[PDB]
Student: 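Take a look at the following structure, please.
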Amino acid sequence: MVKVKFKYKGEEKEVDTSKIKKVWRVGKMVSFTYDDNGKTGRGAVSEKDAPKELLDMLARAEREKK
DNA sequence: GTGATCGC
DNA sequence: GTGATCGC
């Protein structure tokens, strides 16, 4: 789908938006957890460098009642 | 610090 | 129990 390129521990990796489990904002930072080959990894990008698909995911989280 | 979590 | 981690 949409791939998010992000740096974690120097590593300039990426993840498919379909692997992202959880999304949340901390200011202008968009943070998330994703299913890493059967594991949970973490990641974060600036809201500016976020593809619209990641901001839609966040939009869904923010309007959620759970 | 912050939200949220992993890794220890 | 909580340090690093991510962008600011």
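Residue numbers start from 1 in every chain, and the chains themselves are labelled A, B, ... in the order their sequence lines are given, proteins ahead of strands. As a basis for the values below, the full set of heavy atoms in this structure was taken, side chains included, without hydrogen atoms, waters or symmetry mates.
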Student: When the aromatic ring centroids of A/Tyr8 and A/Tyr34 are compared, is their separation below 6.0 Å?
Tutor: no
Student: Starting from the C-alpha separation in whole Å, work towards a yes-or-no answer on side chain to side chain contact (heavy atoms under 4.5 Å, CB included) for A/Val30 and A/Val23.
Tutor: CA-CA 7 Å; A/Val30 190; A/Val23 202; 3.6 Å; yes
Student: Does A/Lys21 NZ have over 12 foreign heavy atoms under 6.0 Å away?
Tutor: yes
Student: Output one line per pair: protein atom, nucleotide atom from nucleotides 4-8 of chain B, and distance, for all N/O pairs under 3.5 Å.
Tutor:
{"unit_1": "B/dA4", "atom_1": "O3'", "unit_2": "A/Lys22", "atom_2": "NZ", "d": "3.1"}
{"unit_1": "B/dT5", "atom_1": "OP1", "unit_2": "A/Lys22", "atom_2": "NZ", "d": "2.7"}
{"unit_1": "B/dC6", "atom_1": "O4'", "unit_2": "A/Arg42", "atom_2": "NE", "d": "3.4"}
{"unit_1": "B/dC6", "atom_1": "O4'", "unit_2": "A/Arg42", "atom_2": "NH1", "d": "2.7"}
{"unit_1": "B/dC6", "atom_1": "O2", "unit_2": "A/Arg42", "atom_2": "NH2", "d": "3.4"}

Student: Salt-bridged, A/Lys52 to A/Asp56, with N to O below 4.0 Å?
Tutor: yes
Student: Please look at the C1'-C2'-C3'-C4' dihedral of B/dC6 and say whether its sugar is north or south.
Tutor: south
Student: Flag the pair A/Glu11 and A/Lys9 as a salt bridge only when some basic side-chain nitrogen lies within less than 4.0 angstrom of an acidic carboxylate oxygen.
Tutor: no
Student: Is the backbone of A/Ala44 close enough, under 3.5 Å, to the side chain of A/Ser31 for a donor and an acceptor to pair up by distance?
Tutor: no
Student: Please look at the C1'-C2'-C3'-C4' dihedral of C/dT2 and say whether its sugar is north or south.
Tutor: south
Student: Is there a side-chain contact between A/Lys5 and A/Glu12, using heavy atoms and a 4.5 Å cut-off?
Tutor: yes
Student: Does A/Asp16 use its side chain to pair, donor to acceptor, with the backbone of A/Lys3 at less than 3.5 Å?
Tutor: no
Student: When the P atoms of C/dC8 and B/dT5 are considered, how many whole Å apart are they?
Tutor: 22 Å
Student: If you take any heavy atom closer than 4.0 Å to DNA chain B, which residues from residues 56-66 of chain A end up in contact?
Tutor: none
